[PDB]
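Each chain, written out:
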Amino acid sequence: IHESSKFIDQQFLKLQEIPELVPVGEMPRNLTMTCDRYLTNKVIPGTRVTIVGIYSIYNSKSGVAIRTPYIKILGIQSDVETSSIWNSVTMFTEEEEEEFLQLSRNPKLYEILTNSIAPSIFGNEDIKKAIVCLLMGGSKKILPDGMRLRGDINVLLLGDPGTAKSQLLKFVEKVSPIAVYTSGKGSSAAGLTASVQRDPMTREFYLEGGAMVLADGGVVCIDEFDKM
Amino acid sequence: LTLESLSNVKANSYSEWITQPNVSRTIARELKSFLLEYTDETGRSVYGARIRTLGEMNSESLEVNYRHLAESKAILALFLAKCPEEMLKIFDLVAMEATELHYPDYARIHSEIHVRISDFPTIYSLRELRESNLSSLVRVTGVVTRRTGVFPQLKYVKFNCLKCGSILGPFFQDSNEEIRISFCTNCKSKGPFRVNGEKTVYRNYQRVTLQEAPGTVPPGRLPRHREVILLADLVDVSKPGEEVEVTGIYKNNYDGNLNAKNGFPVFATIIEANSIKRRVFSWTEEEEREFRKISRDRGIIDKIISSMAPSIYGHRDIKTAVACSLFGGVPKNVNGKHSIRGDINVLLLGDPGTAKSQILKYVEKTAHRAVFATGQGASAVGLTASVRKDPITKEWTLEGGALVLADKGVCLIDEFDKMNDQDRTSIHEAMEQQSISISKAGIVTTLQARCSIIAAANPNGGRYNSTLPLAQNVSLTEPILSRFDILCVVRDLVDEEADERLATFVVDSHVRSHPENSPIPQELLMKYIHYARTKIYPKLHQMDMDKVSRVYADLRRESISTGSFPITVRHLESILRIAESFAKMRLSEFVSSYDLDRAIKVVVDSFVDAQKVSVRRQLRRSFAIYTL
Amino acid sequence: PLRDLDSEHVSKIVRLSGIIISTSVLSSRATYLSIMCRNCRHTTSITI
Amino acid sequence: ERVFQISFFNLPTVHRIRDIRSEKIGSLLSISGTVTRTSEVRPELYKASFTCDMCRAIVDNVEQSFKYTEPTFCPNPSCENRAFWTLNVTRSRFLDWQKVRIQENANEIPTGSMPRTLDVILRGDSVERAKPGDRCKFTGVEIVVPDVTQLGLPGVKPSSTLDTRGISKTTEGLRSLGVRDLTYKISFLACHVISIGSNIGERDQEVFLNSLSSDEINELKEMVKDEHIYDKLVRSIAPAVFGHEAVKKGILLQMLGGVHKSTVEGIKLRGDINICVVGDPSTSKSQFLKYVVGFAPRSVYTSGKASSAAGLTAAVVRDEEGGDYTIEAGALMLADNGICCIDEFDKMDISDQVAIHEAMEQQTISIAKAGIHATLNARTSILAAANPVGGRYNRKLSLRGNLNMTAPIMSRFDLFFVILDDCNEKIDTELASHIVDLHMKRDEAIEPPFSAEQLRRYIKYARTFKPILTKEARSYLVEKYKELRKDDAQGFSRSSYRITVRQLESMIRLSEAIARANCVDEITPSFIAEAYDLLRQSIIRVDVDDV
Ligand SMILES: Nc1ncnc2c1ncn2[C@@H]1O[C@H](COP(=O)(O)OP(=O)(O)OP(O)(O)=S)[C@@H](O)[C@H]1O
Ligand SMILES: Nc1ncnc2c1ncn2[C@@H]1O[C@H](COP(=O)(O)OP(=O)(O)OP(O)(O)=S)[C@@H](O)[C@H]1O
Ligand SMILES: Nc1ncnc2c1ncn2[C@@H]1O[C@H](COP(=O)(O)OP(=O)(O)OP(O)(O)=S)[C@@H](O)[C@H]1O
Ligand SMILES: [Mg+2]
Ligand SMILES: [Mg+2]
Ligand SMILES: [Mg+2]
Ligand SMILES: [Zn+2]
Ligand SMILES: [Zn+2]
Ligand SMILES: [Zn+2]
């Protein structure tokens with residue numbers, strides 16, 4: 001009787017070993033994992049995790065008495081947390097609010113925030129001011145006629161090689177709450193802009209990736225902007 | 001009974017004779033006697049020492065030489081060779097009792113001792129296995145080609161009854177076929193019983209494809225292959241692509257309804273491995289003090305340069321570059337925000353026939369983690385990370401590529417000039433951020449690619465032009481060219497005496513290689529390089545500031561005067577990084593002034609050799625003080 | 001490490017690090033289910 | 001009790017694969033064909049051992065006739081049931097079993113049809129006497145094998161229904177019968193295998209010399225004893241081709257080859273000699289390759305455009321839509337320790353050129369497709385014929401400019417023979433007379449100093465020798481390389497391609513081949529001088545326009 005029955009959710013995960021430490025002539029090995037209740041939908045594919053769980057057995061219908069191993073997930077810990085819109089947090093503690101307001105009353109806030117931008121890069125103070133203005137951004141608009149005017153700033157840095165432009169890009173990528181560092185032709189296997197491909201399991205259109213959609217509400221640092 | 005009575009066989013077959021209880025008791029008694037009082041007439045019992053060693057090392061593997069058992073009890077050797085299964089089981093029981101005699105508590109920790117038969121006299125190749133070798137001990141050489149993951153196989157099977165719930169006693173699972181029970185001994189029923197994996201004991205299982213080594217295959221024939229089954233202690237001992245020699249029982253695999261495609265009752269054969277012998281960067285305290293002793297001498301670095309690529313003659317500068325790349329500097333991250341790369345990238349640009357590929361294979365042999373890739377070829381690991389679906393396994397695999405796979409190692413790229421666009425973008429991302437980002441098939445992540453890169457390239461048109469600079473002599477663009485710290489240009493210029501020495505070297509190597517006929521030893525150098533890479537971590541101090549900053553400003557003005565492509569800050573960074581690698585060659589915690597001068601020399605020599613000859617004539621005279 | 005998992009770790013708590021390829025869709029399992037006999041009309045509850 | 005195999009051979013008539021008919025099923029026959037695939041040696045259940053389930057008592061020596069059978073006699077009187085039995089492979093008896101696939105010979109194929117294969121099965125001592133890539137004559141019995149693929153074919157497929165006429169039945173109640181289809185295909189079960197020559201008509205020297213009789217070994221000794229043996233060998237190669245003595249020398253040295261040396265560090269020095277022939281159209285470049293494939297054993301002939309990457313090296317093929325994948329040897333494997341002849345190497349695309357230079361550099365073929373991983377041997381000399389860009393050979397460009405093939409291809413060819421078409425009266429007159437005389441006189445216009453069979457015998461005798469460099473020969477090699485590089489220095493761009501260390505290694509290989517030609521164990525500086533002369537005349541000068 002389904003109307004009086006209680007159900008929960010269950011998820012299957014597939015975990016591979018770290019591809020950095022794999023023998024060159026071997027396909028990397030993976031394990032199937034089962035989680036349930038509040039352990040489901042806690043991770044996204046691609047993140048690096050530490051799994052506590054029961055190494056256990058199932059028989060799947062190559063050896064007369066052979067069994068396929070799997071992991072009963074009991075807890076999930078994430079080593080690093082990726083930055084996105086849905087992974088962003090907007091709640092703030094009260095002491096952090098007091099500290100942020102106390103910082104803003106400093107009349108030398110412009111100088112400290114320009115000096116804190118890449119302290120290891122000598123010179124280029126106006127570029128550091130540009131970086132601060134880039135990081136703050138402007139006021140977004142929703143006008144009554146429906147057309148919107150953007151508040152985000154675009155800064156181009158072109159010049160001779162060996163002048164810490166790439167280092168400034170890397171620092172902006174490291175300091176931003178959401179940021180993607182990419183080249184003009186994209187990444188090794190991560191495309192630029194927006195890539196719509198078919199789902200590998202259902203053959204249906206979905207947004208696979210791209211630097212400008214993964215970094216919505218953030219900064220894309222595009223090195224080598226000319227080759228594109 | 002006696003050994004002479006054991007020689008006479010009363011049953012129809014050997015297995016039926018050995019299965020008899022009094023015969024098996026006689027076999028066990030004689031095996032125990034051989035295990036106890038065998039000596040090599042040197043006053044020492046070797047097998048008691050082996051038992052004590054496996055007891056103190058907490059190992060379940062006992063290595064028993066076949067020649068010792070053959071000279072001691074030859075009838076036991078013949079019996080083991082003809083019917084190895086129950087004999088190996090009996091000798092496992094005998095060895096278990098023997099190690100229980102030395103260690104009374106060894107039963108509760110292991111309860112299983114495996115006997116690994118070594119030095120079997122006859123050696124078979126995989127193509128001469130026949131009907132007579134079935135259910136017998138064979139010894140076959142071969143290359144491990146592919147292997148499966150480690151799986152749990154039932155060993156001490158415990159069942160539960162579905163009526164009363166009682167968990168039944170452990171039943172031993174042989175590797176031949178599945179075991180089953182039909183009686184409960186509690187509720188006296190023949191109904192369904194279920195295996196529970198919580199109380200069942202398991203052993204490790206692996207499948208390894210063994211292929212005939214191509215050097216031993218007959219000319220027109222294909223190399224044969226077999227499936228080798230590896231038990232609990234033999235898993236993960238043979239990596240793919242290596243030559244091993246496996247002893248085991250050559251038995252017949254069972255399949256349901258035989259093979260319908262053939263129309264004949266054709267069986268498949270497997271080799272259950274009893275033992276594996278292979279036909280490591282671990283240093284001891286004696287190795288450490290040897291490293292220190294060979295560290296204090298003054299001219300060790302040149303000796304290190306003398307030890308790189310013994311088969312390559314006369315190319316000293318590129319040997320220095322590869323030696324510096326193999327040792328490397330240290331990567332640093334000042335206050336977390338600003339990261340400085342610590343490994344040297346070397347670009348060997350040369351005309352055909354200058355033995356760059358031989359040096360690349362030397363780095364493959366020497367380095368701890370060397371990953372080889374090529375642009376034009378296909379039978380190699382790619383430089384691009386991907387998420388790929390196996391057509392047969394029907395599972396996804398995330399491959400990091402050669403750059404991710406060579407993390408904290410070295411990546412050896414052959415034919416760097418003719419890569420496609422995707423590999424070029426992967427290479428640029430690998431040298432830019434030392435990371436590779438993937439967004440494919442729902443996987444969005446980044447992978448560390450902290451890999452030193454040694455590349456080999458050919459000039460445009462197949463011949464280097466001295467009048468034209470290096471930028472227009474290659475297909476590489478400026479951003480991918482400037483990331484290399486050392487730009488070693490080798491040209492096969494005509495020289496009478498140099499060709500004389502090169503010809504004599506090559507002809508002598510050819511003569512010494514005929515089958516009818518000061519450098520550091522390599523096996524010490526490999527561990528020396530690993531030790532220096534993983535323990536030294538040099539640091540350079542503050543009063544060496546006044547010289548490198550002086551020479552940088554001195555040479556930037558000369559580069560302006562000659563009108564070449566400019567010297568930027570990364571040239572100073574490469575000078576400092578190569579200087580910190582020269583400190584790791586000496587096993588020194590600090591960078592000396594001589595290391596700084598030598599790094600300045602090698603960077604200046606790399607910079608002036610990439611110039612147009614009109615720039616070169618001015619630059620060699622301008623930088624004569626630092627080149628020396 | 002994932003390659004060091006042996007048969008001695010079976011039905012034991014292990015800690016292992018790695019990366020995740022795919023997360024499947026959420027299947028629906030039953031915690032409390034009420035059942036009724038087809039003709040006997042006997043009502044029973046199973047809590048799993 | 002041992003198994004006795006009766007082998008019949010030397011039948012009066014040898015039939016083709018297409019002459020196999022259904023009236024000869026179960027009869028003694030002798031067929032011939034080219035082996036394309038071979039299987040692993042496997043055990044076949046000959047005398048099975050069975051335990052009855054109720055008896056728990058075993059019976060032995062049960063004859064197995066093709067398909068798997070179980071006896072219903074049950075001589076133990078404990079039970080009353082016959083169908084239920086269990087097979088024990090431990091004490092059962094087996095036989096050797098191999099299934100080799102053969103194909104129609106090239107001359108036996110009809111006018112428009114493709115060759116049809118046949119799975120011929122070898123048992124007992126005849127196993128592994130068949131090798132992929134050679135012509136074999138199989139004597140045996142034409143047997144019949146169950147086939148499932150004939151389900152959808154047109155025509156009335158025969159079936160076997162159980163006859164129910166003498167069975168008493170009652171309509172008590174509480175009508176199924178066992179009927180099976182009889183669909184079959186023709187196979188061959190061979191008892192004797194003999195390998196005829198893949199040509200139109202064992203490394204140690206002692207085992208080869210015991211094979212020959214007294215008259216043939218006397219012929220070999222008198223042929224070796226000749227002081228002009230090298231000139232006879234050169235003029236005896238490709239007698240249909242007029243002129244081109246250098247190409248004949250290169251082909252002879254390619255057939256002889258050099259020794260294979262393995263360095264202590266582990267690298268292997270290549271002993272195979274690769275020849276590339278480039279030049280004007282209608283310069284008899286394909287005639288050399290046709291002669292080599294029709295003369296040299298273990299040689300295959302390939303077209304550049306009709307070839308494929310899987311066809312040249314190795315292919316992974318799926319049979320009957322099953323889970324099993326098999327390896328079929330490519331052209332480089334059927335020519336293992338032989339010569340692979342490739343016309344129109346320029347017409348070959350880039351991917352196949354990459355796949356073939358991988359096997360040229362590594363001497364191996366690596367397979368990772370599907371679930372199959374393997375490393376196969378490809379120790380094969382390559383004889384390639386290529387046309388320049390634009391058809392005509394541009395004299396004003398270099399060798400690399402005229403050829404579109406990649407630099408890894410170019411660096412591994414020891415000899416490049418550029419043949420130029422020049423219109424002179426007496427050469428054209430003699431060539432036309434030779435060609436029309438050939439057309440008029442059939443075989444009478446061909447008069448080589450040595451016949452094909454004795455030439456092959458001399459090649460096989462000479463390949464056993466392993467030449468050794470002497471003390472003066474090394475210095476002569478060094479001086480020859482130095483003066484070749486000095487010639488490059490004084491020529492600058494005038495040389496077609498520059499002498500490098502690879503040319504020194506090719507000089508050593510050619511000297512070893514020449515020392516094999518004269519049947520000696522030590523290399524004489526005269527052989528070094530001849531090899532240097534051949535390699536120097538291989539390279540031609542480029543003409544530059546006057547300024
Ligand atoms: N003013 C500077 N202060 C500190 N480090 C600097 C400075 N200028 C250059 N560098 C360093 O010099 C090296 C050159 O790298 P980058 O200048 O960041 O590359 P980039 O030339 O800006 O980008 P390109 O044009 O694509 S190579 C880096 O290690 C920088 O940290
Ligand atoms: N300095 C040298 N010392 C020893 N052997 C050498 C030297 N230079 C060339 N050789 C030999 O010459 C051959 C050159 O082979 P490769 O290393 O493949 O050439 P390469 O440097 O890779 O250039 P490619 O492949 O034509 S672009 C090998 O047999 C080398 O052993
Ligand atoms: N020197 C020669 N001796 C004998 N026959 C020759 C000679 N040159 C040409 N021929 C004949 O002329 C024809 C040339 O055919 P091919 O050997 O195919 O020419 P080719 O040199 O291969 O040029 P391509 O690449 O096919 S356009 C054949 O019928 C040869 O028998
Ligand atoms: Mg940059
Ligand atoms: Mg090379
Ligand atoms: Mg032709
Ligand atoms: Zn029970
Ligand atoms: Zn009911
Ligand atoms: Zn019975």
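Draft legend 1. Structural context of the overall build of chain A. Helix and strand counts for chain A stand at 5 helices and 8 strands. Helices (α) and strands (β) of chain A occur, in sequence order from the N terminus, as β-β-β-β-α-α-α-α-β-β-β-α-β. At 24 Å, chain A has a C-alpha radius of gyration far larger than the 17 Å of a compact globule built from 228 residues. Based on the C-alpha atoms only, the size of chain A along its principal axes is roughly 75 × 50 × 40 Å.

Draft legend 2. Layout of the overall build of chain C. Counting secondary structure elements, chain C contains 0 helices and 3 strands. Secondary structure elements of chain C occur, N-terminal to C-terminal, as β-β-β. Its C-alpha atoms put chain C at 55 × 25 × 15 Å along the principal axes. Carbon and sulfur atoms form 53% of the exposed surface of chain C, whose accessible area is close to 3300 Å².

Draft legend 3. Expanded view of the coordination of the zinc ion (ligand 7). Residue and element names in this part refer to chain B. The coordination sphere of the zinc ion (ligand 7), as far as protein atoms go, consists of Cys161 (SG), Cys164 (SG), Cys184 (SG) and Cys187 (SG), spread over 2.3 Å. For the zinc ion (ligand 7), the 4 donor atoms in the first shell make angles of 107 to 111° at the metal, a pattern classed as tetrahedral. Counting residues between consecutive donors of the zinc ion (ligand 7) along the chain gives the motif C-x2-C-x19-C-x2-C. With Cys161 in strand β5 (residues 159-161) and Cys184 in the loop between β6 (171-172) and β7 (193-195), the pair connects residues that are 23 residues apart, well separated along the chain. Comparing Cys161 with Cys184, the two get one shared label, buried.

Draft legend 4. The packing of aromatic side chains, seen in detail. Inspection of every chain in the model, using the stated rule, returns 26 aromatic pairs over all chains. Ring centres of B:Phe159 and B:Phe171 lie 6.0 Å apart, and the angle between their planes is 50°; this geometry places the pair in the tilted category. Placement of B:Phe159 in strand β5 and of B:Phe171 in strand β6 is noted, with a sequence separation of 12 residues between them. A relative accessible area of 31% means that B:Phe171 is categorised as partly exposed. Put simply, the rings of B:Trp283, B:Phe291, B:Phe327, B:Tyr528 and B:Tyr531 pair up and form one aromatic cluster. Its guanidinium or amino end placed over the ring of A:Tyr110, A:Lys129 lies 4.5 Å from that ring's centre, counting from NZ or CZ. Of note, B:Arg598 hangs over the ring of B:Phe582, and the distance from its end group to the ring centre comes to 5.7 Å.

Draft legend 5. Looking closely at the interface of chain B and chain D. Opposite the 64 residues of chain B that make contact, chain D presents 81 residues. Summed over the shared surface of chain B and chain D, the result is 9 salt bridges. When the shortest N-O distance is used, the salt bridge between B:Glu496 and D:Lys482 registers 3.3 Å. Applying the counting rule to chain B against chain D returns 21 residue pairs in polar contact. Elements that contribute at least two residues to the side of chain B that touches chain D include exactly β3 (136-147), β11 (268-278) and α16 (496-512) of chain B. Ranked by residue count, the leading element in the side of chain B that touches chain D is α16(B), at 10 residues. The residue inventory of the side of chain B that touches chain D, partitioned by class, reads 25 nonpolar, 21 polar and 18 charged.

Draft legend 6. How the structure looks around the sheet that holds strand β18 (residues 409-414) of chain B. Residues and elements named next belong to chain B. Taken together, 5 strands build an open sheet; the order of strands is β15-β18-β21-β14-β22 and the sheet is parallel. Pairing within the sheet leaves two strands with one partner each, and these edge strands are β15 (370-374) and β22 (486-490). Shown here is a sheet whose adjacent strand axes are inclined to one another by a mean of 15°, direction ignored. Summarising the sheet, strand β14 (residues 346-350) and β22 pair through 5 bridges and their orientation is parallel. Paired with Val346 across the bridge in β22 is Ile486. Sitting on the sheet, helix α11 (residues 316-327) is in contact with β14, β21 (451-457) and β22, with an inclination near 150° to β22.

Draft legend 7. Main features of the site of ligand 1. Taken together, 16 residues are adjacent to ligand 1, and A:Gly162, A:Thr163, A:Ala164, A:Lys165 and A:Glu224 come closest. Proximal residues around ligand 1 fall on chains A and B, making this an inter-chain site. Within the backbone of A:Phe122, a nitrogen or oxygen atom sits 3.2 Å from a nitrogen atom of ligand 1. Backbone polar atom of A:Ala164 to an oxygen atom of ligand 1: 2.6 Å apart, as the coordinates give it. Coverage of ligand 1 by the protein amounts to 86% of the 630 Å² it exposes when considered alone. Secondary-structure elements contributing two or more residues to the shell around ligand 1 are α4 (165-175) of chain A together with α19 (569-585) of chain B.

Draft legend 8. Broad picture of the UniProt feature "binding site: ATP" in chain A. Under the local residue numbering, the UniProt record ascribes the feature "binding site: ATP" to A:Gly159, A:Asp160, A:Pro161, A:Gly162, A:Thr163, A:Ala164, A:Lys165 and A:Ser166. Relative to the elements of secondary structure, A:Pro161 occurs in the loop between α3 (125-136) and α4. If near-sequence neighbours (up to four positions away) are discounted, A:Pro161 is found in contact with B:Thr568 and B:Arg570. On the secondary structure map, A:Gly162 appears in the loop between α3 and α4. Not counting chain neighbours up to four residues away, the residues in contact with A:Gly162 comprise B:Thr568, B:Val569 and B:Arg570.

Draft legend 9. Spatial organisation of the site of ligand 2. Ligand 2 sits among 16 residues. The nearest are B:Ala355, B:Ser357, B:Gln358, B:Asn458 and D:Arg502. The residues that come close to ligand 2 belong to more than one chain, namely chains B and D. In this structure, B:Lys356 approaches ligand 2 through a main-chain N or O atom, which is 2.9 Å from an oxygen atom. B:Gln358 is positioned with one of its side-chain polar atoms (N or O) 2.4 Å from an oxygen atom of ligand 2. Contributions of two or more residues to the shell around ligand 2 are made by α12 (356-366) of chain B together with α14 (501-517) of chain D.

Draft legend 10. Local environment of the environment of D:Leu256. Of note, D:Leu256 is situated in helix α4 (residues 245-256). Residue contacts for D:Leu256: discarding those within four places in its chain leaves D:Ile459, D:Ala462, D:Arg463, D:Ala513, D:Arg516 and D:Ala517.

Draft legend 11. Main features of the nonpolar core. In terms of nonpolar packing, the biggest core is built from 109 residues, with D:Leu253, D:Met255, D:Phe345, D:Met405 and D:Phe416 touching the most fellow members. Element by element, the count of residues in this core is highest for α14(D), at 9 residues. When sequence neighbours within four positions are dropped, the list of residues in contact with D:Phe345 reads D:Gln353, D:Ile356, D:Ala384, D:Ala385, D:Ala386, D:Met405 and D:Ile409. In this structure, B:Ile312, B:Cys324, B:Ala367 and B:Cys488 belong to the second largest nonpolar core, which totals 65 residues.

Draft legend 12. Region of the structure containing the environment of D:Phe416. Residues and elements named next belong to chain D. Mapped onto the elements, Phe416 comes out in strand β21 (residues 415-419). Exposure remark for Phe416: the relative accessible area of 3% places this residue in the buried category. Separated by 188 residues in sequence, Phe416 and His228 place their C-alpha atoms 26 Å apart. For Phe416, the contacting residues outside a window of four places in its chain are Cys276, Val278, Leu399, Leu403, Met405, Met410, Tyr497 and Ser538.

Draft legend 13. Region of interest: the side chain of D:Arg457. All names here are of chain D. Tracing the backbone shows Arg457 in helix α12 (residues 452-462). Here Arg457 sits buried without a salt bridge, and the closest side chain of opposite charge, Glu219, lies 5.7 Å off (N-O distance). Here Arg457 is in contact with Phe208, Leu212, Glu216, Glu219 and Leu220, once residues within four sequence places are set aside.

Calculation criteria
- Residues numbered from 1 in each chain as written, not as in the entry; some residues may be left out.
- Chains lettered and ligands numbered in written order.
- Part of a larger assembly, values for the part shown.
- Heavy atoms only, no water.
- Residues with missing side-chain atoms left out of burial classes, pairs and counts.
- Helix = DSSP H or I, 4+ residues; strand = E, 2+ residues; numbered from the N terminus.
- Rg over C-alpha atoms; globule rule 2.2 N^0.38 Å.
- Areas by Shrake-Rupley, 256 points an atom, 1.4 Å probe, with all protein chains shown as cover.
- Donors = N, O, S within 2.8 Å, 3.2 Å for Na, K, Ca; no water.
- Tetrahedral: all angles 85-135°; square planar, octahedral: opposite > 155°, others 65-115°.
- Buried < 20%, exposed > 50% of the residue type's maximum accessible area, 1.4 Å probe, protein only.
- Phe/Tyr/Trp six-rings, centres within 6.5 Å; stacked < 30°, edge-to-face > 60°.
- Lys NZ or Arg CZ within 6 Å of the ring centre and 35° of its normal.
- Contact = heavy atoms within 4.5 Å.
- Salt bridge = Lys/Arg side-chain N within 4 Å of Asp/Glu carboxyl O.
- Polar contact = N/O pair within 3.5 Å; in protein donor to acceptor, adjacent residues only side chain to side chain.
- Nonpolar A, V, L, I, M, F, W, Y, C, P; charged D, E, K, R; others polar.
- Pairing = 2+ DSSP bridges.
- Axes fitted to C-alpha atoms, helices over the stretch in contact; angles between N-to-C directions.
- Near = heavy atom within 4 Å.
- UniProt positions renumbered as here; feature names shortened; annotations may be inferred.
- Core = buried A, V, L, I, M, F, W, Y, C linked by side-chain atoms within 4.5 Å.
- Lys, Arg positive; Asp, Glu negative; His and termini not counted.

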